[PDB]
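> Here it is, the structure, as structure tokens.
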Amino acid sequence: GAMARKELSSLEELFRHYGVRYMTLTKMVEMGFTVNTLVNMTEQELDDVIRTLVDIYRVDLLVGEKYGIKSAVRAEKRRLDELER
């Protein structure tokens with residue numbers, strides 16, 4: 001209950017300014033995604049999850065929302081790598 005709220009806040013923070021809508025975030029939390037998992041996934045694995053959201057989970061994704069999930073993860077990966085220096 002509080003754990004699901006913590007995960008949603010975590011994803012809201014990651015995807016803020018990337019056009020990911022509330023119901024897309026809600027579905028990702030329900031699927032069990034965390035920020036740490038997403039930053040360690042490949043570009044191809046992120047493409048597969050995006051396809052899974054539409055095909056299996058029937059989430060309605062805008063075109064910019066699909067590009068937004070990938071851009072938010074790329075930016076976070078670059079922020080973490082630059083920090084590691």
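Order determines the names: the first chain of the structure tokens is A, the second B, and so forth; residues in each chain are numbered 1 upward, and ligands are numbered 1 upward as they are shown.
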For residue A:71, find every residue with an atom within 12 Å (counting only C-alpha atoms), except residues of its own chain fewer than 4 positions away, and show them as a PyMOL selection string.

chain A and resi 14-20+38-39+43+46-47+64-67+75-78

> Go ahead and dump the residues you just picked, N, CA and C atoms, as an mmCIF file, in the first residue's frame.


data_model
loop_
_atom_site.group_PDB
_atom_site.id
_atom_site.type_symbol
_atom_site.label_atom_id
_atom_site.label_comp_id
_atom_site.auth_asym_id
_atom_site.auth_seq_id
_atom_site.Cartn_x
_atom_site.Cartn_y
_atom_site.Cartn_z
ATOM 1 N N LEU A 14 11.265 10.080 -12.066
ATOM 2 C CA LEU A 14 12.079 9.704 -13.223
ATOM 3 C C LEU A 14 11.519 10.265 -14.553
ATOM 4 N N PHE A 15 10.211 10.120 -14.737
ATOM 5 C CA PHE A 15 9.523 10.458 -15.974
ATOM 6 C C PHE A 15 8.990 11.891 -16.098
ATOM 7 N N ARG A 16 9.155 12.718 -15.036
ATOM 8 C CA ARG A 16 8.706 14.116 -15.012
ATOM 9 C C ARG A 16 9.441 14.909 -16.105
ATOM 10 N N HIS A 17 8.703 15.639 -16.939
ATOM 11 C CA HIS A 17 9.245 16.439 -18.073
ATOM 12 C C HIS A 17 9.499 15.560 -19.308
ATOM 13 N N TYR A 18 9.069 14.281 -19.261
ATOM 14 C CA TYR A 18 9.217 13.350 -20.369
ATOM 15 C C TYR A 18 7.908 12.906 -20.997
ATOM 16 N N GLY A 19 6.798 13.521 -20.585
ATOM 17 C CA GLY A 19 5.474 13.264 -21.142
ATOM 18 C C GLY A 19 4.847 11.915 -20.858
ATOM 19 N N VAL A 20 5.293 11.212 -19.809
ATOM 20 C CA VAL A 20 4.691 9.916 -19.473
ATOM 21 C C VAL A 20 3.442 10.179 -18.630
ATOM 22 N N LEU A 38 14.980 -0.234 -14.597
ATOM 23 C CA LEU A 38 14.962 0.499 -15.871
ATOM 24 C C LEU A 38 16.338 1.028 -16.298
ATOM 25 N N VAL A 39 17.124 1.599 -15.367
ATOM 26 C CA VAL A 39 18.470 2.123 -15.703
ATOM 27 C C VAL A 39 19.513 1.033 -16.035
ATOM 28 N N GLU A 43 18.510 -0.710 -24.393
ATOM 29 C CA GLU A 43 17.580 0.008 -25.286
ATOM 30 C C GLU A 43 16.569 -0.952 -25.902
ATOM 31 N N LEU A 46 13.982 -2.023 -23.253
ATOM 32 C CA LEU A 46 13.034 -0.915 -23.081
ATOM 33 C C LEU A 46 12.026 -0.902 -24.252
ATOM 34 N N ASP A 47 12.483 -1.208 -25.510
ATOM 35 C CA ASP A 47 11.583 -1.314 -26.674
ATOM 36 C C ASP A 47 10.551 -2.428 -26.473
ATOM 37 N N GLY A 64 4.911 10.607 -28.481
ATOM 38 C CA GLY A 64 5.906 11.308 -27.659
ATOM 39 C C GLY A 64 6.168 10.676 -26.301
ATOM 40 N N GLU A 65 5.163 9.947 -25.779
ATOM 41 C CA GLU A 65 5.217 9.160 -24.537
ATOM 42 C C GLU A 65 6.178 7.948 -24.731
ATOM 43 N N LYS A 66 6.129 7.283 -25.914
ATOM 44 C CA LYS A 66 7.032 6.161 -26.244
ATOM 45 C C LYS A 66 8.481 6.669 -26.307
ATOM 46 N N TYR A 67 8.693 7.815 -26.983
ATOM 47 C CA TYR A 67 10.001 8.466 -27.059
ATOM 48 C C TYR A 67 10.449 9.002 -25.679
ATOM 49 N N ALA A 75 18.701 9.820 -20.161
ATOM 50 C CA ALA A 75 19.147 10.973 -19.370
ATOM 51 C C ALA A 75 19.585 10.537 -18.006
ATOM 52 N N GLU A 76 18.827 9.609 -17.379
ATOM 53 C CA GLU A 76 19.172 9.107 -16.053
ATOM 54 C C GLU A 76 20.468 8.296 -16.085
ATOM 55 N N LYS A 77 20.671 7.473 -17.133
ATOM 56 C CA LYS A 77 21.883 6.669 -17.357
ATOM 57 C C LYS A 77 23.089 7.600 -17.509
ATOM 58 N N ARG A 78 22.930 8.689 -18.290
ATOM 59 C CA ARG A 78 23.982 9.687 -18.495
ATOM 60 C C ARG A 78 24.274 10.460 -17.194
#

> Just checking: using only C-alpha atoms, which residue out of A:2, A:60, A:7, A:70 ends up closest to residue A:48?

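Comparing A:2, A:60, A:7, A:70 against residue A:48, the winner is A:70.
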
> So which residues touch residue A:61 within 12 Å, counting only C-alpha atoms, skipping near sequence neighbours fewer than 2 positions away, as a ChimeraX atom specification?

/A:19-25,27,50-55,57-59,63-69
